[PDB]
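Spelled out, the chains give:
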Amino acid sequence: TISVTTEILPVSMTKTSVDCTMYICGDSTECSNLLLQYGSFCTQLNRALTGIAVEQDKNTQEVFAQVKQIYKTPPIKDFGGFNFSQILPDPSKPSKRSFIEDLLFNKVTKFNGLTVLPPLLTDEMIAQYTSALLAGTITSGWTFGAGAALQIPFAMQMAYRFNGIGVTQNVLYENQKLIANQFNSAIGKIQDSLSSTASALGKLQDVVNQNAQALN
Amino acid sequence: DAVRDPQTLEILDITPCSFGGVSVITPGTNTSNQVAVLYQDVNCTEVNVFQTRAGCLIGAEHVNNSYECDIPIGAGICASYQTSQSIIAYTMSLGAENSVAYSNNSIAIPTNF
Amino acid sequence: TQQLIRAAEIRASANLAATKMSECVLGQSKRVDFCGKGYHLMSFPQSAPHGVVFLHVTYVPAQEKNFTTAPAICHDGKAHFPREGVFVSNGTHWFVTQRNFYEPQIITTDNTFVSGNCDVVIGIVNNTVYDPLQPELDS
Amino acid sequence: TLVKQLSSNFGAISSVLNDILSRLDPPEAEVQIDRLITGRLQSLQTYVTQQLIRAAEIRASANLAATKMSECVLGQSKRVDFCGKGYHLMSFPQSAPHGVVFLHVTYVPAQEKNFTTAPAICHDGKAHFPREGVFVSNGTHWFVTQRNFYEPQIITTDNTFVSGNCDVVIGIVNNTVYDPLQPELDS
Ligand SMILES: *[C@@H]1O[C@H](CO)[C@@H](O[C@@H]2O[C@H](CO)[C@@H](O)[C@H](O)[C@H]2NC(C)=O)[C@H](O)[C@H]1NC(C)=O
Ligand SMILES: *[C@@H]1O[C@H](CO)[C@@H](O[C@@H]2O[C@H](CO)[C@@H](O)[C@H](O)[C@H]2NC(C)=O)[C@H](O)[C@H]1NC(C)=O
Ligand SMILES: *[C@@H]1O[C@H](CO)[C@@H](O[C@@H]2O[C@H](CO)[C@@H](O)[C@H](O)[C@H]2NC(C)=O)[C@H](O)[C@H]1NC(C)=O
Ligand SMILES: *[C@@H]1O[C@H](CO)[C@@H](O[C@@H]2O[C@H](CO)[C@@H](O)[C@H](O)[C@H]2NC(C)=O)[C@H](O)[C@H]1NC(C)=O
Ligand SMILES: *[C@@H]1O[C@H](CO)[C@@H](O[C@@H]2O[C@H](CO)[C@@H](O)[C@H](O)[C@H]2NC(C)=O)[C@H](O)[C@H]1NC(C)=O
Ligand SMILES: *[C@@H]1O[C@H](CO)[C@@H](O[C@@H]2O[C@H](CO)[C@@H](O)[C@H](O)[C@H]2NC(C)=O)[C@H](O)[C@H]1NC(C)=O
Ligand SMILES: *[C@@H]1O[C@H](CO)[C@@H](O)[C@H](O)[C@H]1NC(C)=O
Ligand SMILES: *[C@@H]1O[C@H](CO)[C@@H](O)[C@H](O)[C@H]1NC(C)=O
Ligand SMILES: *[C@@H]1O[C@H](CO)[C@@H](O)[C@H](O)[C@H]1NC(C)=O
Ligand SMILES: *[C@@H]1O[C@H](CO)[C@@H](O)[C@H](O)[C@H]1NC(C)=O
Ligand SMILES: *[C@@H]1O[C@H](CO)[C@@H](O)[C@H](O)[C@H]1NC(C)=O
Ligand SMILES: *[C@@H]1O[C@H](CO)[C@@H](O)[C@H](O)[C@H]1NC(C)=O
Ligand SMILES: *[C@@H]1O[C@H](CO)[C@@H](O)[C@H](O)[C@H]1NC(C)=O
């Protein structure tokens, strides 16, 4: 049987930033002058927080910007029986996300000198990276990773992948239809799981909660 | 948060006055003494002016052409010092666009390395 | 201080994420259970709030039968071993098959190789090994 | 940062310990000193905590370095992009101040041509598949080649194997498969 499984990882956290002076002695000259007597106690805090904020964007870059070229899928989805429609982008949306990306985005949910900086890459840009990755994977196999994207038929891609696990390639050809059917069904189940299981996204929800608690 | 006026019994909200961090965007002084200033998380009101999600950016010229990111500002905006030279701001490119010719019976095979 | 420590945990996670992408989306993996349970075929990434999600597709052997086996087969005093696969028996006849999927074949000189003799191998069994050349020369 | 902190008063009359002691009696000097002790103690604790955290990052890096050395210099790696971009051949280490440098040598396919292909070839109703490589066509003739460099060869029974028949395989094409034994027996 062909089975399809979901693995979830955090990449990043919210880039908070704090004005040490304003928090301690907000708009008081008398307090500020006393604060000065502690030297650099203030500024070195500002520095530490900055360090964190920067690496947040570095993290994102290392995971997603893995492909030098933005490849895009052909207009004809003739991938030998395998249906890719729930993982490829949806043209009709204001942000070109796949169906399953939308489910994921719908599952995860002051004046004391405490502010929040935006991330460098927008949701839309991350989505374009994923798209390039997926277009690559589908039409050129692993080649795009070594160097240039060399096209190959989907079915032939799979025959190599079968040899990789020690199953003779005739098996894939002779059972083409069953394999495509199993594939298609497994993806259907992923939708059902994601759409119904709140706990599916717990690993991401936890990060959000820890940071919120820290500020409160 | 809010107070009742002691003379006339109405309720007034108290909202603390606008404030925000200031960033200075600069190519090294070994090249130029010219700079652009970003007022974080404010509108171009209180403060060659470009309103971004990062705040109010003043001094940078807004350009239509995308490029590789140089000095990052935020929310997909980067700045650089280019041509005579001045500071410019643009939406960053992700890279070169390249469709792959896929067909049910075609393979590309490399001939050299 | 709390933020610094927490940030460290996230960065470790980010490095792992980046590593799956490279050795899993952009290829196939023989590191076990690294890319989900089963034998890995391929993976597809999808984005999410503050992280990434990975759909792994794998191959899982499904239904199975109890067969009798042997390490080697004796022919003319010669010990024949399979080049690939396993000598199996249905109770009456010996076949050679691949390991991951039952696909029985006739034992021939193109399926086996010869090394040494009958007196060494523990559990060696007697059978016959067909020579595909013989009938070409015979006719 | 640590050094400079010494010059702070932390609310004492002076950052200079001797100046307190040379001007105040013990009952008063003790108060002033306690202010400096508090400030200085705090300063060291801060420094040490930062060093512990930073040290952790370095150790993680050191472990990765050690791992490349083993699975890259001492071997050849099929973990992708682990030892530079391309297919890894070999690596050479060179030392540097507070670290190591790794020169990776890889192999990158370079120039390429568009050929027509098929999953299988029909002969006498039999389906022939390549043992290694791909059936390719130049537009008029079918060859079998390795998957990484164009080395076209004649399709023969020593290049392919037979399994099943023509009625199953989608996109199966007709050709001829040469038998190298035939001319040995023919002559
Ligand atoms: C791939 O699968 C989806 C179903 O998950 C197909 O989309 C459906 O198409 C039918 C019409 O045949 C509609 O009634 C459904 O509303 C569609 N569902 C969704 C979720 O879009 C899709 O057409 C399939 N592609 C192929 C070529 O088989
Ligand atoms: C493969 O690529 C190399 C280029 O990297 C080619 O080698 C060149 O050959 C010509 C002679 O025809 C010389 O003028 C160059 O100086 C060579 N360059 C190098 C670095 O050797 C070679 O022709 C190509 N070979 C194949 C197999 O097509
Ligand atoms: C072991 O394998 C052989 C070969 O498939 C089986 O023998 C064949 O049985 C069928 C009847 O079902 C006959 O038509 C063939 O002529 C037989 N071939 C030979 C070589 O005798 C045998 O029955 C199998 N044993 C079991 C119990 O499955
Ligand atoms: C496998 O077949 C050989 C015959 O080819 C058997 O060899 C015999 O072994 C016994 C015990 O030493 C001798 O007494 C016979 O003289 C041998 N026969 C020949 C023809 O040399 C071998 O024992 C067989 N194994 C089984 C369990 O059947
Ligand atoms: C496809 O491959 C064959 C074999 O190399 C080519 O046919 C040969 O062409 C040359 C002329 O350049 C002749 O001297 C040979 O006698 C031909 N052999 C055969 C079997 O006919 C053929 O030209 C190739 N097609 C293309 C367009 O490259
Ligand atoms: C490949 O060659 C075989 C002949 O060896 C073709 O088989 C024919 O198929 C049609 C359609 O069912 C029949 O009407 C003929 O009777 C078959 N011929 C023979 C001799 O059996 C097959 O169609 C060929 N494929 C192509 C596209 O050329
Ligand atoms: C910096 O400026 C000096 C002139 O004072 C010059 O010698 C040097 O080459 C410059 N370096 C760079 C990298 O611009
Ligand atoms: C700036 O002020 C205008 C009203 O003059 C308003 O329409 C706009 O949304 C404001 N922008 C931001 C980001 O505060
Ligand atoms: C870019 O070009 C459009 C016309 O297509 C124009 O309206 C706009 O002002 C230009 N923007 C910049 C940044 O120059
Ligand atoms: C093999 O034999 C044992 C006999 O006790 C049986 O319990 C088992 O189910 C058999 N296994 C398979 C996979 O048929
Ligand atoms: C297998 O085990 C049985 C004992 O149950 C014994 O008779 C036979 O010799 C053994 N064969 C091998 C290959 O060890
Ligand atoms: C293969 O065919 C297409 C036709 O549009 C062409 O653009 C492309 O350059 C060809 N590829 C190679 C590697 O020759
Ligand atoms: C390949 O695609 C074309 C349609 O463009 C079709 O005529 C042909 O039957 C297809 N062959 C296979 C192997 O799917």
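Structure determination for this entry is recorded as cryo-EM, at 3.6 Å resolution.

(A) Seen up close, the overall build of chain A. Scanning chain A from terminus to terminus reveals 10 helices and 4 strands. The N-to-C order of helical and strand elements in chain A reads β-β-α-α-α-β-α-β-α-α-α-α-α-α. The C-alpha atoms of chain A give 24 Å as radius of gyration, which overshoots the globular expectation for 216 residues (17 Å, by more than 25%). Along the three orthogonal principal directions, the C-alpha set of chain A runs to about 85 × 40 × 35 Å. Among the 216 residues that make up chain A, the fraction classed as buried is 47%. Accessible area for chain A stands at about 10,300 Å²; split by element, carbon and sulfur atoms hold 54% of it. Between the mean site of the 15 positive side-chain charges and the mean site of the 16 negative ones, chain A shows a separation of 7 Å.

(B) Spotlight on helix α5 (residues 123–140) of chain A. Residues and elements named next belong to chain A. Along its 18 residues, α5 runs 26 Å from first to last C-alpha, staying within 8% of the 26 Å computed at 1.5 Å per residue. The buried fraction of α5 amounts to 15 of the 18 residues, a majority that puts the element mostly inside the structure. Positive backbone phi, approximately 65°, marks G141, located one or two places after α5.

(C) Highlighting the UniProt feature "disulfide bond" in chain A. All names here are of chain A. In this model the sulfur atoms of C20 and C42, a pair UniProt annotates as disulfide-bonded, sit 2.1 Å apart, close enough for the bond to be present. Here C20, found in helix α1 (residues 20–24), pairs with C42, found in the loop between α2 (29–35) and α3 (43–64); they are 22 residues apart in sequence, far enough to count as distant. For the pair formed by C20 and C42, the shared burial category is buried. With an S-S distance of 2.1 Å, the disulfide that UniProt assigns to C25 and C31 is formed in this structure. Using a relative accessible area of 6% as the deciding quantity, one classes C25 as buried. Residue classification places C31 among the partly exposed positions, given a relative accessible area of 27%.

(D) Highlighting the arrangement of the chains. By contact count, the dominant pairing among the 5 pairs of chains in contact is that of chains A and C. Nothing in chain B touches chain C; the tightest C-alpha to C-alpha distance between them is still 15 Å.

(E) Broad picture of the pairing of strand β5 (residues 78–82) of chain C. Residues and elements named next belong to chain C. With 4 of 5 residues buried, β5 lies mostly within the body of the structure. Linking strand β4 (residues 73–74) back to β5 in an antiparallel pair, the connection comprises 3 residues, with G77 at a positive phi of about 100°. Note that β5 and strand β9 (residues 112–117) share 4 bridges and pair antiparallel. Across the sheet, the residue bridging to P82 is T112, located in β9.

(F) Inspection of the side chain of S8 of chain D at higher detail. Checked against the element boundaries, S8 of chain D lands in the segment before α1 (17–21). Filtering out sequence-adjacent residues up to four positions away, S8 of chain D remains in contact with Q37, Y38 and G39 of chain A together with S15 and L36 of chain D.

(G) Representation of the interface of chain B and chain D in the model. In this complex, chain B contributes 9 residues to the contact, which on the side of chain D involves 18 residues. For the pair chain B and chain D, the summed buried surface comes to about 1,300 Å²; carbon and sulfur atoms form 65% of the total. In terms of surface lost to chain D, no three residues of chain B exceed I109, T111 and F113 of chain B, which account for 47% of the buried area on that side. On the surface where chain B and chain D come into contact, there are 0 salt bridges. Put simply, chain B and chain D have 7 residue pairs in polar contact between them.

(H) The arrangement of the environment of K68 of chain D in detail. Within the secondary structure, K68 of chain D sits in helix α2 (residues 26–73). Discounting residues that sit within four places of it in the chain, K68 of chain D has contacts with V73, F82 and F102 of chain D.

(I) Looking closely at the UniProt feature "disulfide bond" in chain B. Residues and elements named next belong to chain B. Sulfur atoms of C44 and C56 sit 2.0 Å from each other, so the disulfide annotated by UniProt is realized in this structure. When its relative accessible area of 30% is taken as the criterion, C44 is described as partly exposed. Of the UniProt disulfides, the one joining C69 and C78 is satisfied here, as the sulfur distance of 2.1 Å falls under 2.5 Å.

(J) Region of the structure containing the environment of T116 of chain D. Note that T116 of chain D resides in strand β3 (residues 111–118). Overall, the relative accessible area of 34% leaves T116 of chain D in the partly exposed class. Considered as a pair, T116 of chain D and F161 of chain D are 45 residues apart in the sequence and their alpha carbons are 21 Å apart. Setting aside residues up to four positions removed in sequence, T116 of chain D forms contacts with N105 of chain B together with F135, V136, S137 and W142 of chain D.

(K) Seen up close, a nonpolar patch on the surface. A surface patch of nonpolar side chains, amounting to about 440 Å² of accessible area, comprises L89, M90, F92, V101 and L103 of chain D. Only β1 (87–96) and β2 (99–107) of chain D provide two or more residues apiece to the nonpolar patch.

(L) Geometry of the packing of aromatic side chains. Enumeration over the complete set of coordinates arrives at 20 aromatic pairs over all chains. Ring plane angle 35° and centroid distance 6.4 Å describe the contact between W142 of chain A and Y160 of chain A, whose orientation is recorded as tilted. In this pair, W142 of chain A sits in the loop between α5 and α6 (143–146) while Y160 of chain A sits in helix α7 (residues 154–163), placing the two residues 18 residues apart along the sequence. Residue classification places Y160 of chain A among the buried positions, given a relative accessible area of 16%. Measuring from centroid to centroid gives 6.0 Å for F113 of chain B and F149 of chain D, while their planes differ by 55°, and the two rings are tilted. Residue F113 of chain B is found in the segment after β12 (106–112), and its partner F149 of chain D is found in the loop between β7 (142–145) and β8 (153–154); the two belong to separate chains. Residue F149 of chain D is classed as partly exposed on the basis of its relative accessible area of 25%. Taken together through their ring pairs, the aromatic side chains of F79, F82, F84, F154 and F183 of chain A, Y102 of chain B together with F44 of chain C make up a single cluster. Taking NZ or CZ as reference, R97 of chain A lies 4.1 Å from the ring centre of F105 of chain A, over its face.

(M) Layout of the interface of chain A and chain C. If you look at the interface, chain A gives 60 residues, while chain C gives 49 residues. Counting each side, the surface lost to burial between chain A and chain C is near 5,200 Å², with a carbon and sulfur contribution of 63%. For the interface between chain A and chain C, the tally reads 2 salt bridges. Across the pair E7 of chain A and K20 of chain C runs a salt bridge whose closest N-O atoms are separated by 3.9 Å. Taken together, the connections running from chain A to chain C amount to 24 residue pairs in polar contact. Of the strand pairs in this sheet, strand β1 (residues 2–10) of chain A and strand β2 (residues 51–59) of chain C are connected by 9 bridges, and their pairing is antiparallel.

(N) Region of interest: α7 of chain A. Among the 10 residues of α7 of chain A, 9 are classified as buried, and the element is accordingly described as predominantly covered. Listed in full, the buried residues belonging to α7 of chain A are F154, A155, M156, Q157, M158, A159, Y160, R161 and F162 of chain A.

(O) View of the sheet that holds strand β6 (residues 55–58) of chain B. All names here are of chain B. Pairing is antiparallel in the open sheet, where 4 strands are placed in the order β3-β4-β6-β5. Strands with a single pairing partner mark the edges of an open sheet, and in this sheet they are β3 (22–25) and β5 (49–52). Pairwise comparison of adjacent strand axes, ignoring direction, gives a mean angle of 20° for this sheet.

Cut-offs applied
- Residues numbered from 1 in each chain as written, not as in the entry; some residues may be left out.
- Chains lettered and ligands numbered in written order.
- Part of a larger assembly, values for the part shown.
- Heavy atoms only, no water.
- Helix = DSSP H or I, 4+ residues; strand = E, 2+ residues; numbered from the N terminus.
- Rg over C-alpha atoms; globule rule 2.2 N^0.38 Å.
- Buried < 20%, exposed > 50% of the residue type's maximum accessible area, 1.4 Å probe, protein only.
- Areas by Shrake-Rupley, 256 points an atom, 1.4 Å probe, with all protein chains shown as cover.
- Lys, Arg positive; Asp, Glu negative; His and termini not counted.
- Charge placed at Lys NZ, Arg CZ, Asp CG, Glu CD.
- Expected span 1.5 Å × (residues − 1).
- Disulfide = S-S within 2.5 Å.
- UniProt positions renumbered as here; feature names shortened; annotations may be inferred.
- Contact = heavy atoms within 4.5 Å.
- Pairing = 2+ DSSP bridges.
- Buried area = accessible area lost by both parts, 1.4 Å probe.
- Salt bridge = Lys/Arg side-chain N within 4 Å of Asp/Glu carboxyl O.
- Polar contact = N/O pair within 3.5 Å; in protein donor to acceptor, adjacent residues only side chain to side chain.
- Patch = residues over 30% accessible without salt bridge, like charges linked within 9 Å, V, L, I, M, F, W, Y side chains within 5 Å.
- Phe/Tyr/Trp six-rings, centres within 6.5 Å; stacked < 30°, edge-to-face > 60°.
- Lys NZ or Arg CZ within 6 Å of the ring centre and 35° of its normal.
- Axes fitted to C-alpha atoms, helices over the stretch in contact; angles between N-to-C directions.

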